[PDB]
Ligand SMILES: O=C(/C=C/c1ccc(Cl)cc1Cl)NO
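The chain below stands alone and is given as structure tokens, in the form deposited without the ligand.
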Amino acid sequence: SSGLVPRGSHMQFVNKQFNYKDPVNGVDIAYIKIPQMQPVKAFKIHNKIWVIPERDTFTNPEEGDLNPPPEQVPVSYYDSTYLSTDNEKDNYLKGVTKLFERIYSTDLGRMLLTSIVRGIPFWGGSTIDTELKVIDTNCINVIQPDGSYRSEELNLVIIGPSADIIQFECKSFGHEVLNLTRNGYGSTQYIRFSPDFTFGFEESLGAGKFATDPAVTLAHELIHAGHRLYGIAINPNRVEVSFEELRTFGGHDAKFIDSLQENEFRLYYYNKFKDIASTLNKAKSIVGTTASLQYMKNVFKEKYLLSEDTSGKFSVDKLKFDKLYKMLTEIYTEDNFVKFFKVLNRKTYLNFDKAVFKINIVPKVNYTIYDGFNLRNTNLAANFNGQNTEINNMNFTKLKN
């Protein structure tokens, strides 16, 4: 028993209680192709969001294998056998499902996931300045039971890790000339993640040995995804710890980005949103697509909170932009999720992870949507005992320091 529906009749964000062996149907369970590869079985957990319970040998051409390199950076972990069996893929799918529901059980996660679903990558794929056109790399190819393909736009893919099992990240396909994550456009985000492993850190209150709640780790990557879907990510050359990481962690770490620099970023992306507004205004035709130009223009009015005058012309409202920008960069942070979950967590991004642990969050006797590891009305409830790797030893198997 997984405890996927602690209140009500059905899950509130994830659309189906999937099992990995559920048959393909071309709608929400399907073999798919990323625009070479063999088709992979994938599950549509929500509008715009798919889960691929496979190790990621696809996204990067130079990372087509799970072979470790010659001994390897200190904080890393390899096991070519992880996520090769159907039982494992089923557990991965239910684990990721459970974590989306935990995130969506908080006010902050409802906000974040809503922003993510609304953040459709921009139709900036035309070489002709007056035509709206999709960008092919913001789509997947979805196969039907009869074997036909159809192209489907999406915002987010959660996929298994590549060779280094604990290297989680949020990445995406680039464009020839456009910087999609830094020009307001956005692009489909691929998050390498596993619910089956987590990290250790030390905390006094002798020093205790604790484990990071994987709902916090997923929320971290979803926060990056939000930045990148709205095309407002910080240049990764701004640093090593990047400004983008400090921003995403939040708390007192974020304060270290100086307020004048912040003002300068905000102005840059304000102007980038104005550029999107005029592109939409100068739009004359659409290729795609049986949807009208007016309809697609409106999808993006909705995404970017654009104002529309009586003439039907679009503009960026300074107050609505400040609101959206602030939500994505200041409110959606790891530190704020820690506060909502009421879990123990590293106090700064700079903290060194001690260990890696194997975990299994799918049974509700191990981990809940409401309490994570720190189960209410038990000995695990007090003092973050559920996250304590010695007190709650049965939930954490040390694989490495």
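For every residue, the number given is its place in the sequence shown, counted from 1.
The form solved in complex with the ligand exists for this protein as well; it is not shown, and the discussion that follows is about that form.
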Open or blocked: site for the ligand, pose in the deposited complex superimposed, 2.4 Å backbone/C-beta cut-off, 3-atom minimum: open
Contact segment among 255 to 263, 83 to 91, 166 to 174, 226 to 234, judged by heavy atoms lying within 4.5 Å of the ligand in the deposited complex: 166 to 174
Exercise: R346 in contact with the ligand in the deposited complex, heavy atom 4.5 Å: yes
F197, heavy atom within 4.5 angstroms of the ligand in the deposited complex: no
Contact of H220 with the ligand in the deposited complex (heavy atom, 4.5 Å): yes
Close approach of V287 to the ligand in the deposited complex, 4.5 Å, heavy atom: no
Contact residue in the deposited complex, chosen from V75, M111, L178, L305 - any heavy atom within 4.5 Å of the ligand: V75
